[PDB]
Amino acid sequence: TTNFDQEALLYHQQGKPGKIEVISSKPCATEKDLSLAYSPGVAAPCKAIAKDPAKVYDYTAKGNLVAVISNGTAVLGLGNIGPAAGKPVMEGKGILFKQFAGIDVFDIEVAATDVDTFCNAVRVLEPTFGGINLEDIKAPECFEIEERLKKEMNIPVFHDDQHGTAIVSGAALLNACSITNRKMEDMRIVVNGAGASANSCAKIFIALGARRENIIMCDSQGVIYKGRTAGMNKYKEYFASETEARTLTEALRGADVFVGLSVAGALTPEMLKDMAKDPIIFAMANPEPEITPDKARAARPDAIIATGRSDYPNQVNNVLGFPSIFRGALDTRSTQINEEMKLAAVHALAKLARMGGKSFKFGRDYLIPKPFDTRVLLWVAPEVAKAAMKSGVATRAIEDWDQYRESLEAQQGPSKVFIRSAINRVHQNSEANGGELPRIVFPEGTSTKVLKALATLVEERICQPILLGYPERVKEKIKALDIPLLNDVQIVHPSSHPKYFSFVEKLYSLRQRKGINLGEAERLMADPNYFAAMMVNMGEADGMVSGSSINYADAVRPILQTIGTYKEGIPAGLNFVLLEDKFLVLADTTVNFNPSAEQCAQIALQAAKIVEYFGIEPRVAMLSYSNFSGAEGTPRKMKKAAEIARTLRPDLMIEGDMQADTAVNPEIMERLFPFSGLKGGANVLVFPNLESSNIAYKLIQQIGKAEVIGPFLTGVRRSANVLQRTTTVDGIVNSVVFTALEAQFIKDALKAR
Amino acid sequence: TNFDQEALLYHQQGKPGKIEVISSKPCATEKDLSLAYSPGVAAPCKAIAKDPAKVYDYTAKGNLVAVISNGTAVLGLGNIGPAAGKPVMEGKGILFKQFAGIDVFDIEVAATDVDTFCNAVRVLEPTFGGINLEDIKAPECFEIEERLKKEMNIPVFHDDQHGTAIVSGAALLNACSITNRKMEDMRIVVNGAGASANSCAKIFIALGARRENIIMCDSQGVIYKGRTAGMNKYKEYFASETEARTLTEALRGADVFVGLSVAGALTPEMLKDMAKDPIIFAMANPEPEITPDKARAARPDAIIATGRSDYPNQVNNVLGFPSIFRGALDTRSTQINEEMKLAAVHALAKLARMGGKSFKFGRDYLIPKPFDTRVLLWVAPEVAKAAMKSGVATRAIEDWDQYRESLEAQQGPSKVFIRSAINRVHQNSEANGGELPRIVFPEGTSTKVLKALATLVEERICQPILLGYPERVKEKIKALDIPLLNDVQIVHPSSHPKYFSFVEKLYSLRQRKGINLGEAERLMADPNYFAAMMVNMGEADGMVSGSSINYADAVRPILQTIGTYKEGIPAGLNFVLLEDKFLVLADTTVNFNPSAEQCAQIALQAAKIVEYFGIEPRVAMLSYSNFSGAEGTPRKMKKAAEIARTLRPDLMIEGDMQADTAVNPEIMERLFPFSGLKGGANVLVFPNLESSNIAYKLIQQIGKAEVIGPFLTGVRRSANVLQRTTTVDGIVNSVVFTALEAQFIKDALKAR
Ligand SMILES: CC(=O)SCCNC(=O)CCNC(=O)[C@H](O)C(C)(C)COP(=O)(O)OP(=O)(O)OC[C@H]1O[C@@H](n2cnc3c(N)ncnc32)[C@H](O)[C@@H]1OP(=O)(O)O
Ligand SMILES: CC(=O)SCCNC(=O)CCNC(=O)[C@H](O)C(C)(C)COP(=O)(O)OP(=O)(O)OC[C@H]1O[C@@H](n2cnc3c(N)ncnc32)[C@H](O)[C@@H]1OP(=O)(O)O
Ligand SMILES: CC(=O)SCCNC(=O)CCNC(=O)[C@H](O)C(C)(C)COP(=O)(O)OP(=O)(O)OC[C@H]1O[C@@H](n2cnc3c(N)ncnc32)[C@H](O)[C@@H]1OP(=O)(O)O
Ligand SMILES: CC(=O)SCCNC(=O)CCNC(=O)[C@H](O)C(C)(C)COP(=O)(O)OP(=O)(O)OC[C@H]1O[C@@H](n2cnc3c(N)ncnc32)[C@H](O)[C@@H]1OP(=O)(O)O
Ligand SMILES: NC(=O)c1ccc[n+]([C@@H]2O[C@H](COP(=O)([O-])OP(=O)(O)OC[C@H]3O[C@@H](n4cnc5c(N)ncnc54)[C@H](OP(=O)(O)O)[C@@H]3O)[C@@H](O)[C@H]2O)c1
Ligand SMILES: NC(=O)c1ccc[n+]([C@@H]2O[C@H](COP(=O)([O-])OP(=O)(O)OC[C@H]3O[C@@H](n4cnc5c(N)ncnc54)[C@H](OP(=O)(O)O)[C@@H]3O)[C@@H](O)[C@H]2O)c1
């Protein structure tokens, strides 16, 4: 097993067994609350439901809970493994459910291998569950089970295989047809394979506007022809086309859309020559796609390529369809899931792809929205609800949409989507630039944490790393760590680069009158930190990430000495604390020992600019130990800093001084100090000295369940970032992601000048 | 209906459910998605293919029970349907999680028929690691229990019958063993041997009783031979030899009276006719069967242990199912065995028989209070012993020390710290003749203070001496509609009989510090100064203030009047109660910029409090550098750590560190293995006021941990100052700990 395999194995091993747990929604520790929960004060909701049964949806979590039910017979690529071993997949499905829609998930791995036991056992769980997701059931049992369940149950039932990927496939097909200006009246599709996904795709395409005679079904044995005596399954013979294309090679003559859903290797360049004008190719059977996009473009440049892998664009992911469907169904309190909801979802996905703080560009490489696009939910969950306003079988029938919009936004706070949006923005910036990752120089080439994070960063295509150090030693360390992904990395020895002496001359010219001459300049450039700073300054790299193996002072001194600050800029750290519904920005945590009022105001302005880059209105607060006291010492300095920042940036909302609770709690400020101009809480917090900010952010990172990312060195001319020496692998990954974002922004700003 | 509306908020409150499901493992990134979803999620699956039992090592099956039901008998109500019973099942689940740390699902089976219910629960076997099916109808409960025990391996447990049996046996064994009678030969009569009483009688006969040695008289008369009224196939398991039918003749009141059903049937004439030492268990209906006062008045020589929460000797299921099911789960036990039931009842009896002290085992402490922390820590290991002895646990058994460590970790400070503080307050009050500490509140006309005082006086913690106008505060109390405050003591500072003596003593204290008789008379009108003088002169045990005014103006009179003891420095002490440990931040209120000696003294004081709370203190002098010793704060922190080490050479106090290095053992061991601090630091000493204040306030607000404080340490007497931005529950916690400190200081002053 590789390093990733071992990490995945230990993912469910370390700490508490499993991944999911059940906790009280609100705190319950007091004896009065315990009596409210144990003494017969909890019988009152039962009596309330007694007079109104359906009202239970508002009297419990049933309306916000989804079953995830499987028998362990179609677990990914494992085939039949039994319900016992199908538990971690259900846990992962529930994790994805909560991540992408915010719905509580109950994973039930029922041991009903027989169809009758499944049907007569699932039906009895109806009154206590708000919706069921069937999955991981092998054919042909799954089709019959779902068909019986849909009629025999009065609450929505969804199958991730019978109505799963086919929604994203239909959205991609709609976008491809719009690109090719071809209507659904005369379209040719050959759905290779005879699995659940193939039949689901065929059914939804037929219900979408395709003609059943035009479409054909192909499998391992061959194309189902008229009067076929092989494959006596009812579902297989249902999608039987009267033709003579049993041969695989000749079955694709004049094929408008490949939509291939068979194992890898079923497509060849000679086979690719058999497609019709402007064909569309779909991958299948991860992790090996049906055909590589590069060879498809080389052989047939007029074609359109869609894949099921993260590496190549146009990723068909099953996570785009189910979470929004279920969120819309439950919030609208729908009593069933019909084809109208799925068609509405397909239309919404196609519309979103056709048309944080930015988006992609419509084209041949963007037919469906990326799975990391949060707006997906906001653009398809209401639409399903819209279908619930027309199709029917839905109670409640919410009359508002903005309230629904903000309710949906409440379930996608920064703690869930901030890093995902940052990585998506990095990908958008790289792809819009031609497809080159920013060059990030790592002075610590022989650092275990840096290399272990570089494996993930290279796999995720975030940055192009340039490790500094002796090539032999870093290669030995990579081989010892067993990372078969950094073997092709670029390693640059400091005193071997062709531009090394140019860097020495540049540093000598910069600081000739600051205590450095040629003899000292060469020795300084021998250091990896100074060489990395010079590389970043001179344009040989976009950014740099150092300080993992040394203290912050001697890791940030070369950056300030070489790269320096820009006009009217002060170097300053900056941390993002990603809470449930907001992210706070603490500044500064790393550089300034005891900033004055002017320095505090400048730090506040820099932090506000960084916040505004992310599309969030900044509200600065000058933290202190006193609430608008203005007394001698820190309160006076914070008051003066707030006034200076207000004069510099009048349109903002700055106020000081105040304590942390007054700043970050709008209710406290409104109740106690209604005169202050800061309304709604503060997302930017400027600290009086270094000890306060450093200790506060480290304590929040350690003992607080919230996640902090940083510190990021702001106020420097180029994109230089220093990691805290106590960082972890994930901290390095996040910091490198945001360093790549900053480097791309700085490079784009430089170019557009 | 706000009590129901509280759960309706729990059902809306930006959260539409009483319970919710979160992810213990992180899920925020594409790598995390690959780890949790396909194709990475296939990697553990192939691991489980070799051995199915490895699910207990991979998935959350081990810590997963369910409250299965059908709504046939839900709480104090008859048949209601599976749909309408969900809130009570969710309450059972949250009780499970709170008192045992067990994740629990809420499944309702919409089937009154036995066959479908049994089929569904049997087929849910690999889904769940344990079954706590509860609130099903009877006597079909016996049938479903037997069928499920015979069908699948995982332990099926009916909470009602067996938990009632365990609690009844625990209350009965100690009572019988102290009444000069035996539970095996002396003819006990009891009341009931059916449904839950059937399990009660089975537990009794397993604990010494029998069918022939013990004559059983039922709640529904008697289930002996003859009369066939209200008979079923599962009732004659305890036929007796008494041949009478009427309660007067069938029941002669021989040894005990354990009623579990039917309305109140206990007459004073019958209690007089009872032979000797009436042991009465009158849980029965949701409503009390017979009130304990009437039964006690009927027989003065009677020892009555009712089964209601309104009276002492409480009987509850929280001493039953949680600990025993935790024990069964931890060993991956197969099915449910009687031996574990007798082990649990013996553990409860021993715990009942054997902070500062505990309530005397007499007529009031037959069983401990049904929320005590030691209950689980005692019952669960014994249930594990029984499960191992019965040979039903497939999983191997390790040393019991690690098991006890895990059981203790199941209930960290965040769940039990305030409750244990309240219990210690009550124990100190009981050990002091029932007197409560007198706490004087300078702000007698503060809405938050009065609202918190309602709960504080309802919980019997402190005695308010609210200062201010005797009429204005009464008007405020009437406006806020708090009845319990109608009997509190209101003192006008300028009209108290001891006002002039206090003025004279204040003038004597600070005659050479800018205060003369006129200025002392002017200052004693201040409620803060008067409360401080009251505490200093012993007329009140403690005081809390600052809920409306800023900290400086609220703490200056305390420092000027009460002062600091020898070798003491005033400091603010905050407790951050995390899931596994509690940190102590100091100082957060007073010292603008303490020096090395001041920081060392603050650390010593904080270590003293931590030692008082029964935890080994580990001190860390926080800074922005990691053992750098550079000019400025790092050098001051290093010097302070050295001074504190020389002062108390038995604690582990380590240099200057960042917060992450201090509170994380892994970072400390990996980066700085040359240090003397091991296992993390539970005491943090900050270099200045801004750092500590901002850190504690930010942790309180944006963190998910509970911060209680700040507490004023280093003063001669008990006197705390609340934060201006405090809430009602914060005031409640601060007053609880102020009362605890006042009791400790009064006890210290009583001697010498
Ligand atoms: C995540 C963590 O680990 S946080 C740890 C806490 N932080 C620390 O321990 C480090 C705190 N900072 C410091 O100790 C220092 O201020 C350092 C390391 C930034 C600089 O060391 P110093 O001896 O003060 O300065 P140094 O000689 O390196 O100065 C380098 C350059 O920075 C510039 N500089 C430093 N601070 C500032 C500032 N606030 N504004 C503008 N320029 C500045 C100087 O002008 C100088 O430029 P020059 O070469 O043209 O003269
Ligand atoms: C994306 C995130 O997460 S952070 C988002 C932050 N949002 C913002 O709006 C950031 C605000 N702006 C900034 O931080 C910066 O000032 C930026 C991004 C505008 C970049 O400013 P820069 O382009 O680096 O300024 P710079 O001073 O280098 O450019 C002016 C010229 O002076 C030159 N120059 C100035 N000082 C020096 C020096 N010491 N040595 C050499 N050249 C110098 C530069 O080479 C440049 O010349 P060029 O354009 O021919 O190459
Ligand atoms: C929870 C929150 O909101 S925390 C808010 C942040 N904290 C604050 O704003 C308050 C910080 N503390 C202070 O400002 C001051 O130190 C105060 C208010 C406590 C008192 O300091 P001063 O106002 O200078 O005191 P003052 O001159 O009135 O004397 C008061 C007494 O306190 C004593 N005292 C004050 N600080 C100390 C100390 N660190 N050690 C010993 N004694 C002390 C003085 O000796 C004096 O006693 P004395 O009259 O017998 O000589
Ligand atoms: C419980 C928690 O959570 S925190 C745990 C840790 N807490 C602590 O350590 C708090 C410490 N608080 C205390 O009171 C200390 O334990 C003590 C008892 C040692 C302090 O002693 P003090 O309160 O200073 O009193 P002291 O020992 O001086 O009293 C002896 C005599 O001096 C007299 N006295 C002392 N100071 C004065 C004064 N200013 N004016 C008049 N008489 C005085 C007392 O009247 C007493 O006389 P008596 O024998 O006739 O009764
Ligand atoms: N969007 C996605 O990335 C996505 C979504 C869902 C599922 N999946 C993948 O789908 C798989 C599970 O579902 P499935 O229905 O695809 O399983 P599957 O039915 O086993 O997939 C292959 C089947 O297609 C037929 N087939 C056609 N041409 C074939 C050929 N040349 N070689 C072999 N078989 C050929 C065979 O069926 P006959 O023997 O009956 O002819 C074969 O059993 C997993 O790999 C899962 O990851 C991917
Ligand atoms: N130890 C505990 O914490 C504990 C235990 C149990 C109950 N309670 C409390 O008691 C309430 C629940 O009541 P419950 O009925 O489930 O438990 P219960 O009153 O202790 O059980 C008595 C059972 O006997 C039967 N019975 C026979 N005659 C009866 C009569 N006249 N009235 C009532 N029942 C009669 C009923 O079963 P049939 O309907 O099958 O005859 C009933 O379920 C809740 O408030 C709950 O909190 C607490």
Do the conditions hold for A:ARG420, that is, is it farther than 24 Å from A:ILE559 by Cβ, of a type outside the set (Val, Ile, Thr), within 25 Å of the chain's Cα centre (by Cα) and assigned to a loop (DSSP other than H, G, I, E, B)?
-> no
Say we look at the range B:365-394 and pick out the residues that are in a helix (DSSP H, G or I) and of a type outside the set (A, V, I, L, M); which of these is farthest from B:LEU351 (Cα to Cα)?
-> B:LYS389
Residue ID - nearest to ligand 6 (Cβ to nearest atom), chosen from residues in the range A:589-605 that are within 14 Å of chain B (Cβ to nearest Cβ) and of a type in the set (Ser, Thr, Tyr) | A:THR589
Residue check, A:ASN181 surrounded by fewer than 19 Cβ atoms within 10 Å (Cβ to Cβ) and either under 28 Å from A:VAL257 (Cβ atoms) or away from chain B (no Cβ under 13 Å) (or both) | yes
How many of the residues in the range A:556-591 are among the charged types (D, E, K, R) and in contact with a strand residue (DSSP E or B) (Cβ under 6 Å, 6 or more places away or on another chain)?
-> 1
Matching residues, the range B:34-52, being more than 7 Å from every other protein chain (Cβ to nearest Cβ) and not charged (D, E, K, R) = B:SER34
Collect the residues in the range A:688-716 that are within 12 Å of ligand 1 (Cβ to nearest atom) and more than 7 Å from chain B (Cβ to nearest Cβ), keeping them in residue-number order.
-> A:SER693, A:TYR697, A:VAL708, A:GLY710, A:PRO711, A:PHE712, A:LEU713, A:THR714, A:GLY715, A:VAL716
Is it the case that some residue within the range A:643-658 is within 16 Å of ligand 1 (Cβ to nearest atom) and part of a strand (DSSP E or B)?
-> no
Is one or more of the residues making up the range B:476-496 among the basic types (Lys, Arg) and assigned to a loop (DSSP other than H, G, I, E, B)?
-> no
Is there a residue being part of a helix (DSSP H, G or I) and within 16 Å of ligand 1 (Cβ to nearest atom) anywhere in the range B:622-634?
-> yes
Taking the stated definitions as given, is A:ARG333 surrounded by fewer than 18 Cβ atoms within 10 Å (Cβ to Cβ) and away from ligand 6 (no atom under 16 Å from the Cβ)?
-> no
Hey, could you check the range B:592-633 for residues that are under 20 Å from B:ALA719 (Cβ atoms) and touching a strand residue (DSSP E or B) at 6+ places or on another chain (Cβ under 7 Å) and say which is farthest from ligand 4 (Cβ to nearest atom)?
-> B:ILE602
Counted residues, the range B:53-81 - those being within 15 Å of B:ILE136 (Cβ to Cβ) and either facing chain A (nearest Cβ under 7 Å) or more than 28 Å from the chain's Cα centre (by Cα) (or both) = 11
Determine the pairs where a residue that is within 10 Å of B:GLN98 (Cβ to Cβ), located within the range A:23-38, has a partner that is assigned to a loop (DSSP other than H, G, I, E, B) with Cβ atoms under 7 Å apart, the partner being 6 or more residues away or on another chain.
-> A:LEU34/A:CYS28; A:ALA37/A:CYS28
Check B:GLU669 against each of (1) more than 32 Å from the chain's Cα centre (by Cα); (2) outside any helix (DSSP H, G or I); (3) more than 7 Å from chain A (Cβ to nearest Cβ) and name the one condition it does not meet.
-> (2)
Note down all Cβ pairs under 8 Å where the first residue falls in the range A:454-466 and is over 8 Å from A:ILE440 (Cβ atoms), the second is of a type in the set (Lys, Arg) and crowded, with 19+ Cβ neighbours inside 10 Å, and they're at least six residues apart or on different chains.
-> A:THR456/B:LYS31; A:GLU459/B:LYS31; A:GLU460/B:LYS31
Would you call B:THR1 farther than 30 Å from B:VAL379 by Cβ and either within 7 Å of chain A (Cβ to nearest Cβ) or acidic (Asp, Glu) (or both)?
-> no
Just name the residue that is farthest from the chain's Cα centre (by Cα) out of those in the range A:4-33 that are facing chain B (nearest Cβ under 7 Å) and polar (S, T, N, Q).
-> A:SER24
Surrounded by fewer than 22 Cβ atoms within 10 Å (Cβ to Cβ) and either within 16 Å of ligand 1 (Cβ to nearest atom) or outside any loop (DSSP other than H, G, I, E, B) (or both), is that true of B:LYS746?
-> yes
Considering residues that are touching a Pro at 6+ places or on another chain (Cβ under 7 Å) and either assigned to a strand (DSSP E or B) or farther than 26 Å from B:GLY163 by Cβ (or both), the number found within the range B:254-293 is 3
Residue list for the range B:90-115, filter: within 27 Å of B:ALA263 (Cα to Cα) and within 8 Å of chain A (Cβ to nearest Cβ) | B:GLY91
Considering the range A:677-699 alone, what residues qualify as being among the basic types (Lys, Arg) and assigned to a loop (DSSP other than H, G, I, E, B)?
-> A:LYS679
Identify all residues within the range B:634-659 that are buried (at least 24 other Cβ atoms within 10 Å of the Cβ) and within 14 Å of another protein chain (Cβ to nearest Cβ); write none if there are none.
-> B:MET637, B:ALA640, B:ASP656, B:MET657, B:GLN658, B:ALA659
How about the range A:116-144: which of its residues are aromatic (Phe, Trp, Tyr) and at the interface with another protein chain (Cβ under 9 Å from one of its Cβ atoms)?
-> A:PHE118, A:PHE129
Enumerate the pairs (first residue in the range B:306-323 and among the aliphatic types (A, V, I, L, M); second residue anywhere and part of a loop (DSSP other than H, G, I, E, B)) with beta-carbon separation below 6 Å, excluding pairs fewer than 6 apart on the same chain, so at least 6 apart or on different chains.
-> B:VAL315/B:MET283; B:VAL315/B:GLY307; B:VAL318/B:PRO370; B:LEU319/B:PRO370
A:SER548 is checked against (1) surrounded by fewer than 24 Cβ atoms within 10 Å (Cβ to Cβ); (2) more than 12 Å from ligand 1 (Cβ to nearest atom); (3) of a type in the set (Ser, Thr, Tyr) and fails just one. What number does that condition carry?
-> (2)
Residue check for A:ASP278: more than 24 Å from A:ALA196 (Cβ to Cβ) and surrounded by fewer than 15 Cβ atoms within 10 Å (Cβ to Cβ) = no
Of the residues in the range B:300-309, those that are surrounded by fewer than 17 Cβ atoms within 10 Å (Cβ to Cβ) and over 21 Å from B:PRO370 (Cα atoms) come to B:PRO300, B:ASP301
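Read-outs throughout are calculated quantities, based only on the coordinates presented, and are distinct from any laboratory measurement. Heads up, the Cβs are rebuilt from the backbone with ideal geometry, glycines too, and the neighbour counts pull from every protein chain shown.
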